[PDB]
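What follows is one chain in structure tokens, specifically the form deposited in one PDB entry.
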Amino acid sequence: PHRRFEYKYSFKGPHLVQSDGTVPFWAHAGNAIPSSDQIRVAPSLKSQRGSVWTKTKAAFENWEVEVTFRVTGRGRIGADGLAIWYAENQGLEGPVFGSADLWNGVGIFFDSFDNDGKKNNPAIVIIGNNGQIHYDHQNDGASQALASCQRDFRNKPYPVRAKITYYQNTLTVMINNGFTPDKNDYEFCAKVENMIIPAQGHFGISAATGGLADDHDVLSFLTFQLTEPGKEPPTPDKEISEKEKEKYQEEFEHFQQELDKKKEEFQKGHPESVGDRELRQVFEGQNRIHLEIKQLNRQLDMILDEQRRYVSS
């Protein structure tokens, strides 16, 4: 599918908050504290509920949202957690992860507290609701769970990224575990098929806190519209002979190289820590071991396929 960036349903730093103290094109309410770097949807205080919801409604047949967030806790047990909603109307208040109940849409819940006593939490649960089913907070919505994966997203050394994609009546939740600073290191967590959501709806995020307290920070929320490769009209003869791009690109690369060169000697023209650097090196080593093992798995799968092709003869 082809991706189109949508600014109207997106917030991002480092200029997240405008001069008047609000995030553009989004409505926040409750205990959410918007800052330049991030939005603290629920601070580490007792009984905090917050939510940031979009102002205008979105008409997207297929969409994709990339959410970067951190959940930071002092202890090993946290409450309550974060939630990402595609609804029909902004709740902006309520007991379901800081947002209203009886929502008409889809809600991805990053539950951190195990109210069912089954050791499944922390979990990422996909729950859809037409508007007549109450969310079961006392058992983490296990009976109403369309899909669930058991991944940890608390106190990670790097911010946790999540890609939620709705493309041709199926919803896929992919999770970056947060052990690497790469922004394209997603891993499969859950998926559901034949998912029905309204074409008109509001994108939003929310967080709730119970007795135990976490900081629920959201750094970015990028909403992308996905269009099918065949349904999109090409509208040709609009690139303007295609030659000016090739005349401009190398000049701009040369100028950015010379700007980097200027910054190189102006950094020292007029003027990391030990242990932290060692921790970064340790995490890079773990990531390199992971990449090597994955590459070995891919090579062995190629080995698999080739042996089977020989087997067929």
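By rigid core we mean the largest C-alpha set that fits within 1.5 Å across both forms. So that there is no doubt, residue numbering starts at 1 and follows the sequence shown. Only residues modelled in both forms are compared.
Deposited sequence between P271 and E272: 10 or more residues lack coordinates.
In what follows, reference is made to the form deposited in another entry, a form of this protein that is not presented.
Of the residues listed here (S47, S36, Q286, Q257), only one shifts its CA by 2 angstroms or more between the shown form and the other one after fitting on the rigid core, and it is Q286.
Here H15 does not count as shifted, since its C-alpha moves by less than 2 Å between the shown form and the other one after the core is aligned. Distance between the C-alpha atoms of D214 and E278: shorter by at least 3 Å in that other deposited form than in the displayed form. Here's the thing about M302 and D185: their CA atoms end up at least 3 Å farther apart in that other deposited form than they are in this form. Regions where at least three consecutive shared residues each shift by 2 Å or more at the C-alpha between the shown form and the other one, after core superposition, reduce to one span, 272-313.
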